[PDB]
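Asker: Below is the structure I would like to discuss, written out as structure tokens.
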Protein chains: 2
Amino acid sequence: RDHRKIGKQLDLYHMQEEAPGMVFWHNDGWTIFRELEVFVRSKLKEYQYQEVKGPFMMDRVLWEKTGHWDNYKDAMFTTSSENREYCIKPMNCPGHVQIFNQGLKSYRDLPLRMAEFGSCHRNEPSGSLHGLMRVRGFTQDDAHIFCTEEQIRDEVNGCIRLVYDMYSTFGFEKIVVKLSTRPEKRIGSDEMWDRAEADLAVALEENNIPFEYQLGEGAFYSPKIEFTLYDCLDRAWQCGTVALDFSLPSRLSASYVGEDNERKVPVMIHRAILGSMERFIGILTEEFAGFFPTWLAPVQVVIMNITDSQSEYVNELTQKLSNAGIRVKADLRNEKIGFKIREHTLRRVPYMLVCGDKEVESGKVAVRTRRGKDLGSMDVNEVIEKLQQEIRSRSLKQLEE
Amino acid sequence: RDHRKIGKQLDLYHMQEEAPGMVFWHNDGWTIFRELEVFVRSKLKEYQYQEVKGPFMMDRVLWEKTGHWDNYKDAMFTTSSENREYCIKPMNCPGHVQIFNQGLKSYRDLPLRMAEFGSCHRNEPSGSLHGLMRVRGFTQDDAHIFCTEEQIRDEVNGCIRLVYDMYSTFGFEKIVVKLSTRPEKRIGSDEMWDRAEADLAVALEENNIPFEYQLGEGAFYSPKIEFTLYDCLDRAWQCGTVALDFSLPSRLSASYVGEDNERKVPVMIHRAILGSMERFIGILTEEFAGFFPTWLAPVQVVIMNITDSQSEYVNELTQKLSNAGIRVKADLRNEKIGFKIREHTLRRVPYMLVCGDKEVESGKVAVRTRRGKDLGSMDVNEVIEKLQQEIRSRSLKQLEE
Ligand SMILES: [Zn+2]
Ligand SMILES: [Zn+2]
């Protein structure tokens, strides 16, 4: 159940010494990554977010103003051009404040939710790297909510709904929640931390979530709620984070015009459900042991043929299933039919369609799954509808499974 | 008509001094970018390309084995970690070969078409940076085809088909083709250079494409066909690129087992239709002067009420259209109906739905386009149905013109 072993077997990704801690996504692995984007983008529309894209490196003067430079200078990549030093972004927080700062905003623009699939780069030690779990180049499903102080409860409640909503799609139902409090090197007065810590504590209790206090483990700018999910091996994975930041928007001079026509600093809420999506794919690879659900499968259907008589019929089927929105390959190789079926069974292709002379003259197809489950002959349109339902619903279990 | 003024007016993007030549894509601009990605991915499916992803930095040693370091080392960014120098990738070619090298390849795996929306960073002088046309961080629609010598004539013909297929969607019909020959600073044998240059000219003749040679304007490793398009102002924009490479696969130790069971070095084709997608968005911005086709419009439909009586009926339509996959926004401000239409016309929204009490009872809408035309009262399901066809077909023309 090692993702590195399964990743090599299914041709999902690879890593090499020339880029330590950075992933070479192959076609099948990228399909999973992009399909996770589609699911996340589906939730961003449902929860009414904005998707933006910031630049990959910015001037060091920005990271000095946030205080990130004074704290994580060793963990950042630096580069220079025209006697100016730039940092490859390890976080999307300052980049989102820049977008919010363009054009005067009013209180009617809030709550303004801003998400991004930002690719970040942290200079982790090479000895600390392990597969997809600990990488240098990662992509966080970051988002920052700009809202007023009266809107904190409603925004955090929406974030908590999203944390459990997205985890339930993958089957993760056991979740442990912590609450990281102020550390010994922080910014912002005590009374700001007091109100921030109490805000997250109340929202956790109003959501009927039992939580423990991780004292001193919060970020230097905000206290955070940490969600830890458990896989089928009962292993704890810390993925979700929700923070309450009253300081960084002020340090970057973010302002909005309130109802009293007074300049006010907006509240910033950092949140990430999956965390590092590279790491989340590694968790899913081990959680399902390569048996990804149909909607996440790199190759959803393979249509083979027994002889060259059914070569035309398979091509007609591959075209039709593709137009229905199904990731389908056609295997017209010159091999034994038992050799083809085994290859795709090892590739964990959820469904494999076999076309003999009987299938062509009957207008049907024989279906077997990657589990050895044999479904027999089914009408072509019947199969298409069942795959469309299993993909739209993002169901975890297959047909007859 | 300058894309920077139109970009600021439509809230598409912005740039600042802290990131020279690097774009802050706002929400509406990023919607255009992603809609381009969807269109390109639709072409990748039709033309049967793979989509992969590579790391954003790699060891300087890898960039030295290709000669990329020798040619443009002043155009690269460099960063260091644990006494190892890494270069932020300005090209996606080395990353794809590393993916190709992983795993044993035979002749049966060719042609291997591998595409990527790679984020590149070139260290351009700040005096040359202009808007979106000249940037430091750009996203190319790169693709590399690994094929045998016999497959060259078909694979290059496939690229030429793709170039004219994609440009037809945007209405560009005046394409000017050049063939960049070898430069005086180059690598590879003369005999290899003549095979590649002659093959490109033959491929253009087979498609009945008039072209001129361009001496010395080719890459150090391959000759390339350069596609230049003309906008409605008759200005030449060089976007397309198809190169025939005999040099880099040999240098990066890429090989495939042939039919003779003897290892052979594959032929590489570098393909790029749109080029820099930030630059393409800028060209489209000036070509349409902000009147993006409905399939690219950040906000396709705006629904407005004449008074507070129609507030609820407007919201039902906003939800009904949103479920139909249309980018619909509701305008419920307390402003005269003429003021709303004038504002959203300046925002170049394709369609504007006005809802009076006559519309609430009849269940219909009043359609007004950004061109000042009036389409009268139409059934809501009829408006949705025709709007969907205009998007799925990526039609340049709007309704009733
Ligand atoms: Zn953040
Ligand atoms: Zn290339």
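For the structure tokens, the naming scheme is as follows: chains receive sequential letters (A, B, ...) according to their order of presentation, residues are indexed from 1 within each chain, and ligands are indexed from 1 in presentation order.
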Please find the residues of chain A near chain B - the criterion being any atom within 7 Å, counting only C-alpha atoms - and write them as a PyMOL selection string.
Answerer: chain A and resi 18-19+22-27+30+50-55+57-59+77-79+99
Asker: Please dump the current selection as a PDB file, in the first residue's frame; keep N, CA, C and O atoms.
Answerer:
```
ATOM      1  N   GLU A  18      17.776  15.370 -10.211  1.00  0.00           N
ATOM      2  CA  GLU A  18      17.953  16.681 -10.828  1.00  0.00           C
ATOM      3  C   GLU A  18      16.945  17.702 -10.317  1.00  0.00           C
ATOM      4  O   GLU A  18      17.229  18.904 -10.345  1.00  0.00           O
ATOM      5  N   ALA A  19      15.779  17.254  -9.854  1.00  0.00           N
ATOM      6  CA  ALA A  19      14.777  18.123  -9.236  1.00  0.00           C
ATOM      7  C   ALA A  19      14.316  17.469  -7.941  1.00  0.00           C
ATOM      8  O   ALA A  19      13.241  16.857  -7.887  1.00  0.00           O
ATOM      9  N   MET A  22      10.423  17.563  -6.324  1.00  0.00           N
ATOM     10  CA  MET A  22       9.518  18.112  -7.324  1.00  0.00           C
ATOM     11  C   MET A  22       9.062  17.002  -8.261  1.00  0.00           C
ATOM     12  O   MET A  22       9.850  16.129  -8.636  1.00  0.00           O
ATOM     13  N   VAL A  23       7.788  17.051  -8.641  1.00  0.00           N
ATOM     14  CA  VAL A  23       7.090  15.911  -9.224  1.00  0.00           C
ATOM     15  C   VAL A  23       7.040  16.052 -10.738  1.00  0.00           C
ATOM     16  O   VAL A  23       6.691  17.117 -11.262  1.00  0.00           O
ATOM     17  N   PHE A  24       7.391  14.975 -11.440  1.00  0.00           N
ATOM     18  CA  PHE A  24       7.167  14.846 -12.879  1.00  0.00           C
ATOM     19  C   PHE A  24       5.847  14.103 -13.062  1.00  0.00           C
ATOM     20  O   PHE A  24       5.802  12.873 -13.063  1.00  0.00           O
ATOM     21  N   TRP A  25       4.763  14.857 -13.221  1.00  0.00           N
ATOM     22  CA  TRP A  25       3.453  14.245 -13.404  1.00  0.00           C
ATOM     23  C   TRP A  25       3.351  13.640 -14.798  1.00  0.00           C
ATOM     24  O   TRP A  25       3.513  14.345 -15.800  1.00  0.00           O
ATOM     25  N   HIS A  26       3.084  12.339 -14.867  1.00  0.00           N
ATOM     26  CA  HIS A  26       2.794  11.701 -16.141  1.00  0.00           C
ATOM     27  C   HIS A  26       1.324  11.910 -16.498  1.00  0.00           C
ATOM     28  O   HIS A  26       0.564  12.549 -15.766  1.00  0.00           O
ATOM     29  N   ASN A  27       0.918  11.360 -17.644  1.00  0.00           N
ATOM     30  CA  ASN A  27      -0.428  11.609 -18.151  1.00  0.00           C
ATOM     31  C   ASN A  27      -1.490  11.104 -17.183  1.00  0.00           C
ATOM     32  O   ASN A  27      -2.469  11.804 -16.899  1.00  0.00           O
ATOM     33  N   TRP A  30      -1.459  13.225 -13.906  1.00  0.00           N
ATOM     34  CA  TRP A  30      -1.994  14.560 -14.160  1.00  0.00           C
ATOM     35  C   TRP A  30      -3.508  14.527 -14.317  1.00  0.00           C
ATOM     36  O   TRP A  30      -4.203  15.451 -13.881  1.00  0.00           O
ATOM     37  N   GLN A  50     -13.972  33.260  -5.839  1.00  0.00           N
ATOM     38  CA  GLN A  50     -13.279  33.762  -7.017  1.00  0.00           C
ATOM     39  C   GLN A  50     -11.983  32.986  -7.190  1.00  0.00           C
ATOM     40  O   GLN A  50     -11.290  32.697  -6.209  1.00  0.00           O
ATOM     41  N   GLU A  51     -11.652  32.648  -8.430  1.00  0.00           N
ATOM     42  CA  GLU A  51     -10.400  31.973  -8.736  1.00  0.00           C
ATOM     43  C   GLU A  51      -9.478  32.959  -9.438  1.00  0.00           C
ATOM     44  O   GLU A  51      -9.843  33.529 -10.474  1.00  0.00           O
ATOM     45  N   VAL A  52      -8.296  33.168  -8.864  1.00  0.00           N
ATOM     46  CA  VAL A  52      -7.320  34.113  -9.392  1.00  0.00           C
ATOM     47  C   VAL A  52      -6.008  33.382  -9.640  1.00  0.00           C
ATOM     48  O   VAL A  52      -5.900  32.176  -9.393  1.00  0.00           O
ATOM     49  N   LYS A  53      -5.003  34.105 -10.129  1.00  0.00           N
ATOM     50  CA  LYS A  53      -3.686  33.524 -10.362  1.00  0.00           C
ATOM     51  C   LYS A  53      -2.639  34.608 -10.163  1.00  0.00           C
ATOM     52  O   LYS A  53      -2.631  35.603 -10.895  1.00  0.00           O
ATOM     53  N   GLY A  54      -1.768  34.418  -9.176  1.00  0.00           N
ATOM     54  CA  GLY A  54      -0.717  35.366  -8.892  1.00  0.00           C
ATOM     55  C   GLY A  54       0.609  34.964  -9.506  1.00  0.00           C
ATOM     56  O   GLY A  54       0.807  33.820  -9.924  1.00  0.00           O
ATOM     57  N   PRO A  55       1.544  35.907  -9.572  1.00  0.00           N
ATOM     58  CA  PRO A  55       2.862  35.604 -10.134  1.00  0.00           C
ATOM     59  C   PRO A  55       3.670  34.700  -9.218  1.00  0.00           C
ATOM     60  O   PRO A  55       3.420  34.595  -8.015  1.00  0.00           O
ATOM     61  N   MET A  57       7.040  34.765  -8.552  1.00  0.00           N
ATOM     62  CA  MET A  57       8.054  35.398  -7.721  1.00  0.00           C
ATOM     63  C   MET A  57       7.758  36.883  -7.588  1.00  0.00           C
ATOM     64  O   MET A  57       7.285  37.520  -8.534  1.00  0.00           O
ATOM     65  N   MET A  58       8.038  37.425  -6.405  1.00  0.00           N
ATOM     66  CA  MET A  58       7.801  38.830  -6.115  1.00  0.00           C
ATOM     67  C   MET A  58       9.010  39.395  -5.384  1.00  0.00           C
ATOM     68  O   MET A  58       9.862  38.656  -4.886  1.00  0.00           O
ATOM     69  N   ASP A  59       9.074  40.724  -5.330  1.00  0.00           N
ATOM     70  CA  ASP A  59      10.208  41.397  -4.713  1.00  0.00           C
ATOM     71  C   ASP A  59      10.297  41.057  -3.229  1.00  0.00           C
ATOM     72  O   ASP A  59       9.286  40.874  -2.546  1.00  0.00           O
ATOM     73  N   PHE A  77      13.159  30.022  -1.680  1.00  0.00           N
ATOM     74  CA  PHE A  77      14.078  30.142  -2.802  1.00  0.00           C
ATOM     75  C   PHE A  77      14.182  31.605  -3.214  1.00  0.00           C
ATOM     76  O   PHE A  77      13.166  32.295  -3.336  1.00  0.00           O
ATOM     77  N   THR A  78      15.409  32.072  -3.425  1.00  0.00           N
ATOM     78  CA  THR A  78      15.661  33.447  -3.826  1.00  0.00           C
ATOM     79  C   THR A  78      16.350  33.475  -5.183  1.00  0.00           C
ATOM     80  O   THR A  78      17.148  32.594  -5.515  1.00  0.00           O
ATOM     81  N   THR A  79      16.023  34.500  -5.966  1.00  0.00           N
ATOM     82  CA  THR A  79      16.636  34.711  -7.267  1.00  0.00           C
ATOM     83  C   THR A  79      16.749  36.210  -7.501  1.00  0.00           C
ATOM     84  O   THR A  79      16.042  37.008  -6.879  1.00  0.00           O
ATOM     85  N   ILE A  99      -4.241  41.695  -5.293  1.00  0.00           N
ATOM     86  CA  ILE A  99      -5.427  41.743  -6.142  1.00  0.00           C
ATOM     87  C   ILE A  99      -6.549  42.507  -5.450  1.00  0.00           C
ATOM     88  O   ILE A  99      -7.258  43.302  -6.080  1.00  0.00           O
TER      89      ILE A  99
END
```
Asker: Applying 9 Å and only C-alpha atoms, which residues near stretch 324-327 of chain B remain after dropping the ones on its own chain fewer than 6 positions away? List them as a VMD selection string.
Answerer: chain B and resid 297 to 302 384 to 385 387 to 388 391
Asker: Could you write out that same residue set with N, CA, C and O atoms as a short mmCIF file (atom, residue, chain, number, x, y, z; two decimals), in the first residue's frame?
Answerer:
```
data_model
loop_
_atom_site.label_atom_id
_atom_site.label_comp_id
_atom_site.auth_asym_id
_atom_site.auth_seq_id
_atom_site.Cartn_x
_atom_site.Cartn_y
_atom_site.Cartn_z
N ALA B 297 -16.36 35.27 -22.77
CA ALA B 297 -16.73 36.43 -21.97
C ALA B 297 -16.66 36.09 -20.48
O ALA B 297 -17.20 35.05 -20.07
N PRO B 298 -16.02 36.92 -19.66
CA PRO B 298 -16.00 36.65 -18.21
C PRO B 298 -17.38 36.59 -17.59
O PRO B 298 -17.62 35.76 -16.70
N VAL B 299 -18.30 37.45 -18.02
CA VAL B 299 -19.69 37.43 -17.56
C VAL B 299 -20.56 37.41 -18.81
O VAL B 299 -20.67 38.42 -19.51
N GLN B 300 -21.18 36.26 -19.08
CA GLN B 300 -21.93 36.09 -20.31
C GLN B 300 -23.28 36.79 -20.26
O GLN B 300 -23.72 37.38 -21.26
N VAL B 301 -23.97 36.75 -19.12
CA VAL B 301 -25.31 37.29 -18.99
C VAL B 301 -25.40 38.10 -17.70
O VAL B 301 -24.84 37.70 -16.67
N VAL B 302 -26.08 39.24 -17.76
CA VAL B 302 -26.43 40.02 -16.58
C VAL B 302 -27.94 40.20 -16.56
O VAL B 302 -28.53 40.61 -17.57
N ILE B 384 -32.06 30.30 -22.74
CA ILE B 384 -31.04 29.39 -22.23
C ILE B 384 -30.58 28.43 -23.32
O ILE B 384 -29.38 28.16 -23.47
N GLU B 385 -31.53 27.90 -24.10
CA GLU B 385 -31.19 26.89 -25.09
C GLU B 385 -30.32 27.45 -26.21
O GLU B 385 -29.35 26.80 -26.63
N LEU B 387 -28.43 30.20 -25.95
CA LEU B 387 -27.17 30.62 -25.35
C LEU B 387 -26.20 29.45 -25.22
O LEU B 387 -24.99 29.61 -25.43
N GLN B 388 -26.72 28.27 -24.87
CA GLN B 388 -25.86 27.09 -24.74
C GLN B 388 -25.24 26.71 -26.07
O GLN B 388 -24.07 26.32 -26.13
N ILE B 391 -22.28 28.87 -26.96
CA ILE B 391 -21.08 28.58 -26.19
C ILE B 391 -20.44 27.27 -26.64
O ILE B 391 -19.23 27.19 -26.85
#
```
Asker: As an MDAnalysis selection string, please: every protein or nucleic acid residue near ligand 1 (cut-off 9 Å, counting only C-alpha atoms and all ligand atoms).
Answerer: chainID A and resid 91:94 96 142:144 242:243 268:272
Asker: Using the selection just defined, write its residues with N, CA and C atoms as a PDB file, in the first residue's frame.
Answerer:
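To be explicit, this is the file written out as part_35.pdb:
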```pdb
ATOM      1  N   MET A  91       3.787  31.054  -0.335  1.00  0.00           N
ATOM      2  CA  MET A  91       2.389  31.180   0.041  1.00  0.00           C
ATOM      3  C   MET A  91       1.694  32.097  -0.956  1.00  0.00           C
ATOM      4  N   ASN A  92       0.370  31.981  -1.014  1.00  0.00           N
ATOM      5  CA  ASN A  92      -0.445  32.825  -1.875  1.00  0.00           C
ATOM      6  C   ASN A  92      -1.069  33.999  -1.135  1.00  0.00           C
ATOM      7  N   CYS A  93      -0.794  34.149   0.161  1.00  0.00           N
ATOM      8  CA  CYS A  93      -1.447  35.202   0.938  1.00  0.00           C
ATOM      9  C   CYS A  93      -1.104  36.603   0.445  1.00  0.00           C
ATOM     10  N   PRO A  94       0.169  37.002   0.307  1.00  0.00           N
ATOM     11  CA  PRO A  94       0.435  38.369  -0.173  1.00  0.00           C
ATOM     12  C   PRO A  94      -0.073  38.621  -1.580  1.00  0.00           C
ATOM     13  N   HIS A  96      -2.731  37.526  -2.984  1.00  0.00           N
ATOM     14  CA  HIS A  96      -4.166  37.774  -2.966  1.00  0.00           C
ATOM     15  C   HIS A  96      -4.497  39.152  -2.409  1.00  0.00           C
ATOM     16  N   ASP A 142      -5.472  27.009  -1.937  1.00  0.00           N
ATOM     17  CA  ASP A 142      -5.581  28.139  -1.032  1.00  0.00           C
ATOM     18  C   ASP A 142      -6.803  28.992  -1.357  1.00  0.00           C
ATOM     19  N   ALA A 143      -7.268  29.712  -0.341  1.00  0.00           N
ATOM     20  CA  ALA A 143      -8.320  30.703  -0.499  1.00  0.00           C
ATOM     21  C   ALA A 143      -8.233  31.676   0.665  1.00  0.00           C
ATOM     22  N   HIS A 144      -8.614  32.923   0.405  1.00  0.00           N
ATOM     23  CA  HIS A 144      -8.595  33.970   1.417  1.00  0.00           C
ATOM     24  C   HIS A 144      -9.909  34.728   1.350  1.00  0.00           C
ATOM     25  N   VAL A 242      -7.735  26.264   8.837  1.00  0.00           N
ATOM     26  CA  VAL A 242      -8.533  27.485   8.763  1.00  0.00           C
ATOM     27  C   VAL A 242      -7.970  28.472   9.775  1.00  0.00           C
ATOM     28  N   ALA A 243      -7.544  29.639   9.299  1.00  0.00           N
ATOM     29  CA  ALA A 243      -6.882  30.636  10.125  1.00  0.00           C
ATOM     30  C   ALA A 243      -7.698  31.921  10.173  1.00  0.00           C
ATOM     31  N   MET A 268      -8.988  38.904   7.228  1.00  0.00           N
ATOM     32  CA  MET A 268      -8.529  37.883   6.297  1.00  0.00           C
ATOM     33  C   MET A 268      -8.659  36.511   6.943  1.00  0.00           C
ATOM     34  N   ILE A 269      -9.218  35.560   6.198  1.00  0.00           N
ATOM     35  CA  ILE A 269      -9.387  34.186   6.658  1.00  0.00           C
ATOM     36  C   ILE A 269      -8.677  33.276   5.667  1.00  0.00           C
ATOM     37  N   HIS A 270      -7.595  32.645   6.109  1.00  0.00           N
ATOM     38  CA  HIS A 270      -6.891  31.662   5.299  1.00  0.00           C
ATOM     39  C   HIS A 270      -7.537  30.296   5.483  1.00  0.00           C
ATOM     40  N   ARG A 271      -7.677  29.553   4.386  1.00  0.00           N
ATOM     41  CA  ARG A 271      -8.277  28.231   4.468  1.00  0.00           C
ATOM     42  C   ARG A 271      -7.771  27.361   3.326  1.00  0.00           C
ATOM     43  N   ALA A 272      -7.636  26.068   3.611  1.00  0.00           N
ATOM     44  CA  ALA A 272      -7.230  25.078   2.618  1.00  0.00           C
ATOM     45  C   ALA A 272      -7.789  23.729   3.043  1.00  0.00           C
TER      46      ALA A 272
END
```
Asker: Leaving out residue A:232 and any residue of its chain fewer than 3 positions from it, which residues lie within 12 Å of it when counting only C-alpha atoms, given as a PyMOL selection string?
Answerer: chain A and resi 1+170-174+229+235-237+283-289
Asker: Can I get the selection written as a PDB file, in the first residue's frame, with C-alpha atoms?
Answerer:
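Okay, part_4.pdb is ready:
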```pdb
ATOM      1  CA  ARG A   1       0.000   0.000   0.000  1.00  0.00           C
ATOM      2  CA  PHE A 170     -13.440  10.568  -0.597  1.00  0.00           C
ATOM      3  CA  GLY A 171     -14.915   8.530   2.271  1.00  0.00           C
ATOM      4  CA  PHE A 172     -12.929  10.188   5.076  1.00  0.00           C
ATOM      5  CA  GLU A 173     -15.459  10.401   7.917  1.00  0.00           C
ATOM      6  CA  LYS A 174     -13.224  10.180  11.017  1.00  0.00           C
ATOM      7  CA  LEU A 229      -8.283  12.903   8.805  1.00  0.00           C
ATOM      8  CA  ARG A 235      -3.232   6.771  10.067  1.00  0.00           C
ATOM      9  CA  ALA A 236      -3.557  10.463  10.902  1.00  0.00           C
ATOM     10  CA  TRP A 237      -3.062  12.989   8.089  1.00  0.00           C
ATOM     11  CA  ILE A 283      -3.023   9.792   0.517  1.00  0.00           C
ATOM     12  CA  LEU A 284      -5.759   8.775  -1.933  1.00  0.00           C
ATOM     13  CA  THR A 285      -3.363   6.402  -3.699  1.00  0.00           C
ATOM     14  CA  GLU A 286      -2.737   4.613  -0.392  1.00  0.00           C
ATOM     15  CA  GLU A 287      -6.341   4.947   0.817  1.00  0.00           C
ATOM     16  CA  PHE A 288      -7.671   3.165  -2.285  1.00  0.00           C
ATOM     17  CA  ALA A 289      -4.493   1.104  -2.917  1.00  0.00           C
TER      18      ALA A 289
END
```
Asker: Using DSSP on the backbone coordinates, identify all residues within stretch 247-354 of chain B classified as strand (DSSP E or B); present the result as a PyMOL selection string.
Answerer: chain B and resi 256-257+263-264+267-276+301-305+328-331+351-354
Asker: Now that the selection is made, can you save its residues with N, CA, C and O atoms as a short mmCIF file (atom, residue, chain, number, x, y, z; two decimals), in the first residue's frame?
Answerer:
```cif
data_model
loop_
_atom_site.label_atom_id
_atom_site.label_comp_id
_atom_site.auth_asym_id
_atom_site.auth_seq_id
_atom_site.Cartn_x
_atom_site.Cartn_y
_atom_site.Cartn_z
N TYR B 256 14.49 4.42 -28.02
CA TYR B 256 13.36 3.50 -28.11
C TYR B 256 13.80 2.24 -28.84
O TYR B 256 14.65 2.30 -29.73
N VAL B 257 13.22 1.11 -28.45
CA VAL B 257 13.56 -0.16 -29.08
C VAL B 257 12.76 -0.30 -30.37
O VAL B 257 11.53 -0.35 -30.35
N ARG B 263 18.15 -0.44 -30.28
CA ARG B 263 17.74 0.85 -29.76
C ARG B 263 18.02 1.97 -30.76
O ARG B 263 19.04 1.96 -31.46
N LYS B 264 17.10 2.92 -30.84
CA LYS B 264 17.19 4.04 -31.77
C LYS B 264 16.83 5.32 -31.03
O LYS B 264 16.10 5.30 -30.04
N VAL B 267 12.82 10.95 -32.91
CA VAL B 267 12.74 12.29 -33.48
C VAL B 267 11.74 13.10 -32.66
O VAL B 267 10.66 12.61 -32.31
N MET B 268 12.10 14.34 -32.35
CA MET B 268 11.28 15.22 -31.52
C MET B 268 10.75 16.38 -32.34
O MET B 268 11.51 17.00 -33.10
N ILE B 269 9.47 16.67 -32.19
CA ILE B 269 8.83 17.82 -32.82
C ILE B 269 8.34 18.75 -31.71
O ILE B 269 7.54 18.33 -30.86
N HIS B 270 8.82 19.99 -31.71
CA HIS B 270 8.36 21.00 -30.77
C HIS B 270 7.21 21.77 -31.40
O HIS B 270 7.37 22.34 -32.49
N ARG B 271 6.07 21.80 -30.73
CA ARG B 271 4.86 22.40 -31.26
C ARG B 271 4.32 23.41 -30.26
O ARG B 271 4.34 23.16 -29.04
N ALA B 272 3.82 24.54 -30.77
CA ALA B 272 3.19 25.55 -29.92
C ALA B 272 2.25 26.36 -30.80
O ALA B 272 2.71 27.07 -31.70
N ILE B 273 0.95 26.26 -30.54
CA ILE B 273 -0.03 26.93 -31.40
C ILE B 273 -0.18 28.39 -31.00
O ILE B 273 0.10 29.30 -31.79
N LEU B 274 -0.64 28.64 -29.77
CA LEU B 274 -0.88 30.01 -29.32
C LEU B 274 0.39 30.71 -28.87
O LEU B 274 0.41 31.95 -28.84
N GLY B 275 1.44 29.97 -28.54
CA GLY B 275 2.61 30.59 -27.94
C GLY B 275 2.33 30.93 -26.49
O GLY B 275 1.72 30.16 -25.74
N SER B 276 2.78 32.12 -26.08
CA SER B 276 2.48 32.61 -24.74
C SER B 276 0.99 32.93 -24.65
O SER B 276 0.47 33.72 -25.44
N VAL B 301 -23.97 36.75 -19.12
CA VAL B 301 -25.31 37.29 -18.99
C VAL B 301 -25.40 38.10 -17.70
O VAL B 301 -24.84 37.70 -16.67
N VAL B 302 -26.08 39.24 -17.76
CA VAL B 302 -26.43 40.02 -16.58
C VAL B 302 -27.94 40.20 -16.56
O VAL B 302 -28.53 40.61 -17.57
N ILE B 303 -28.56 39.88 -15.43
CA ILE B 303 -30.00 40.01 -15.24
C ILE B 303 -30.25 41.14 -14.26
O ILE B 303 -29.66 41.17 -13.17
N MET B 304 -31.13 42.07 -14.64
CA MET B 304 -31.40 43.25 -13.84
C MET B 304 -32.90 43.42 -13.65
O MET B 304 -33.70 43.03 -14.50
N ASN B 305 -33.27 44.01 -12.52
CA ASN B 305 -34.65 44.32 -12.20
C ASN B 305 -34.90 45.81 -12.35
O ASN B 305 -34.00 46.63 -12.16
N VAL B 328 -23.63 33.94 -15.27
CA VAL B 328 -24.72 34.90 -15.11
C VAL B 328 -24.53 35.63 -13.79
O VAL B 328 -24.24 35.02 -12.76
N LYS B 329 -24.69 36.96 -13.83
CA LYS B 329 -24.64 37.80 -12.64
C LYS B 329 -25.92 38.62 -12.56
O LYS B 329 -26.49 39.01 -13.59
N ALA B 330 -26.36 38.89 -11.34
CA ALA B 330 -27.58 39.64 -11.10
C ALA B 330 -27.24 41.07 -10.70
O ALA B 330 -26.33 41.31 -9.90
N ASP B 331 -27.98 42.03 -11.27
CA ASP B 331 -27.80 43.45 -10.99
C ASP B 331 -29.09 43.96 -10.34
O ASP B 331 -30.05 44.28 -11.04
N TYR B 351 -24.94 39.65 -23.15
CA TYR B 351 -26.39 39.75 -23.08
C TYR B 351 -26.82 40.37 -21.76
O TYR B 351 -26.19 40.13 -20.72
N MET B 352 -27.88 41.16 -21.81
CA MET B 352 -28.43 41.83 -20.64
C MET B 352 -29.92 41.54 -20.58
O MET B 352 -30.66 41.88 -21.51
N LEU B 353 -30.36 40.91 -19.49
CA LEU B 353 -31.76 40.52 -19.33
C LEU B 353 -32.44 41.50 -18.38
O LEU B 353 -32.14 41.53 -17.18
N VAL B 354 -33.35 42.30 -18.92
CA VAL B 354 -34.15 43.23 -18.12
C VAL B 354 -35.47 42.56 -17.78
O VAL B 354 -36.10 41.93 -18.63
#
```
Asker: Hey, what does DSSP flag as alpha helix (DSSP H) within stretch 290-361 of chain B? Can you give it to me as a count of residues only?
Answerer: 28
Asker: Quick one: residues within 9 Å of residue B:313, only C-alpha atoms counted, chain neighbours fewer than 4 positions away excluded, as an mmCIF file with N, CA, C and O atoms, in the first residue's frame?
Answerer:
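Final file, selection-v5.cif:
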```cif
data_model
loop_
_atom_site.group_PDB
_atom_site.id
_atom_site.type_symbol
_atom_site.label_atom_id
_atom_site.label_comp_id
_atom_site.auth_asym_id
_atom_site.auth_seq_id
_atom_site.Cartn_x
_atom_site.Cartn_y
_atom_site.Cartn_z
ATOM 1 N N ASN B 305 -33.267 44.010 -12.517
ATOM 2 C CA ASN B 305 -34.654 44.315 -12.202
ATOM 3 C C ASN B 305 -34.901 45.810 -12.351
ATOM 4 O O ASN B 305 -33.998 46.630 -12.164
ATOM 5 N N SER B 309 -39.834 44.977 -6.824
ATOM 6 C CA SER B 309 -40.875 43.972 -7.008
ATOM 7 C C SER B 309 -40.342 42.751 -7.749
ATOM 8 O O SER B 309 -40.755 41.619 -7.471
ATOM 9 N N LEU B 317 -34.079 33.379 -12.015
ATOM 10 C CA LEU B 317 -33.449 33.277 -13.326
ATOM 11 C C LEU B 317 -31.936 33.156 -13.208
ATOM 12 O O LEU B 317 -31.304 32.430 -13.985
ATOM 13 N N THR B 318 -31.336 33.863 -12.246
ATOM 14 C CA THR B 318 -29.893 33.762 -12.050
ATOM 15 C C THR B 318 -29.494 32.342 -11.667
ATOM 16 O O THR B 318 -28.483 31.821 -12.151
ATOM 17 N N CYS B 355 -35.889 42.703 -16.519
ATOM 18 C CA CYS B 355 -37.077 42.021 -16.013
ATOM 19 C C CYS B 355 -38.022 43.039 -15.392
ATOM 20 O O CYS B 355 -37.769 43.535 -14.288
ATOM 21 N N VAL B 360 -42.383 39.221 -15.409
ATOM 22 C CA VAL B 360 -42.616 38.305 -14.295
ATOM 23 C C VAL B 360 -43.851 37.450 -14.547
ATOM 24 O O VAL B 360 -43.835 36.232 -14.329
ATOM 25 N N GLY B 363 -43.310 35.166 -17.663
ATOM 26 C CA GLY B 363 -42.200 34.241 -17.550
ATOM 27 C C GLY B 363 -41.144 34.406 -18.616
ATOM 28 O O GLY B 363 -40.357 33.483 -18.843
#
```
